[PDB]
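Notes follow the structure.
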Amino acid sequence: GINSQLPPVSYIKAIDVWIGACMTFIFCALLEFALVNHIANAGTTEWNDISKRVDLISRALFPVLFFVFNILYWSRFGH
Amino acid sequence: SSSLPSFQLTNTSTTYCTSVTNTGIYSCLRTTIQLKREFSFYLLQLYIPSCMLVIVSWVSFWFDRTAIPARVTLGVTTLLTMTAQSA
Ligand SMILES: CC[C@H](C)[C@H]1O[C@]2(CC[C@@H]1C)C[C@@H]1C[C@@H](C/C=C(\C)[C@@H](O[C@H]3C[C@H](OC)[C@@H](O[C@H]4C[C@H](OC)[C@@H](O)[C@H](C)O4)[C@H](C)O3)[C@@H](C)/C=C/C=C3\CO[C@@H]4[C@H](O)C(C)=C[C@@H](C(=O)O1)[C@]34O)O2
Ligand SMILES: *[C@@H]1O[C@H](CO)[C@@H](O)[C@H](O)[C@H]1NC(C)=O
Ligand SMILES: CCCCCCCCCCC
Ligand SMILES: CCCCCCCC
Ligand SMILES: [Cl-]
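And the structure:
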């Protein structure tokens, strides 16, 4: 929608960096689902509780990282 | 070139196009500019996102074969989105 009201240019816009990043955070979420679900059905309880650990870490790491991103992003382009 | 963002004026030429018509032979000049389409846009709005879409369809190979709903949802959504983007 946004990119439709713009002329094709030859450079990377600040809008592109922000769309591309949020895109990644969601892509990695999917990746996480796969990783978690894959090592989860593994017979050994060794991997099973690792699967649990990944979620716990993600529940915090993702927000934190996204917050860090915002800080870097806005300081770079809000100037 | 600054008022022409979408293309890149790479080359120009100056030629003659004199032609013989039914009313006579008319002298004619022809100037020619060569426009090269900027790629940055299509990289970001077409290629990148499609790879990103195809790559997503692969992360279903890592879901257990028992949970097929997850696989279909991925494969189908990415396929539909692929259509939209192309449209
Ligand atoms: C990286 C592709 C894979 C598939 C990844 O895609 C995703 C996630 C999954 C994969 C890992 C999703 C993707 C973004 C990327 C992450 C990309 C960035 C954060 C930025 O770009 C990177 C790479 C880029 O170089 C490819 C690089 O520019 C360099 C090299 C270039 O030349 C090789 C050159 O031209 C340039 C001048 O300098 C840049 C500095 O940094 C960010 C710019 C990307 C934005 C992407 C998009 C913004 O809107 C687009 C579209 O409206 C849409 C629907 C999908 C988006 C997308 O496709 O989102 C989109 O196309 O990750
Ligand atoms: C521009 O440059 C190349 C090399 O000189 C030539 O082949 C081409 O025909 C030129 N294009 C125009 C439109 O003049
Ligand atoms: C020890 C685990 C604590 C997890 C906290 C997650 C908070 C996420 C908030 C997202 C807005
Ligand atoms: C600029 C891209 C940041 C992506 C972070 C993804 C963390 C899961
Ligand atoms: Cl749906």
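Protein chains in written order, with the deposited numbering: chain B, 262 to 340; chain C, 175 to 261.
Positions of the beta carbon are idealized from the N, C-alpha and C atoms, including for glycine.
Can a CB atom of chain B be found closer than 8 Å to the CB of residue 219 (chain C)?
yes
For residue 209 (chain C) and residue 181 (chain C), the rounded distance between their alpha carbons
6 Å
Residues in the stretch 240-256 of chain C with C-beta within 9 Å of chain B's C-beta atoms, listed in sequence order?
240, 241, 244 and 248
Looking at chain B, which residues of the stretch 194-227 of chain C have a Cβ within less than 9 Å of any of its Cβ atoms?
211, 212, 213, 214, 215, 216, 218, 219, 222, 223 and 226
Mind checking the stretch 294-316 of chain B against chain C and listing, in chain order, the residues whose C-beta falls within less than 9 Å of any C-beta there?
294, 295, 296, 298, 299, 301 and 302
Bounding residues of the beta strand (DSSP E) (the contiguous stretch that carries residue 234 (chain C))
Here residue 234 (chain C) belongs to no beta strand (DSSP E), and DSSP marks it neither H nor E.
Shortest alpha-carbon distance to residue 215 (chain C) belongs to which of B:266, B:270, B:340 and B:321?
B:270
Report yes if the CB atom of residue 259 (chain C) is closer than 8 Å to the CB atom of residue 224 (chain C), and no otherwise.
yes
Whose CB is closer than 5 Å to a heavy atom of ligand 3? List the residues in chain order.
B:320, B:321 and B:324
At the level of alpha carbons, what is the spacing between residue 275 (chain B) and residue 227 (chain C)?
22 Å
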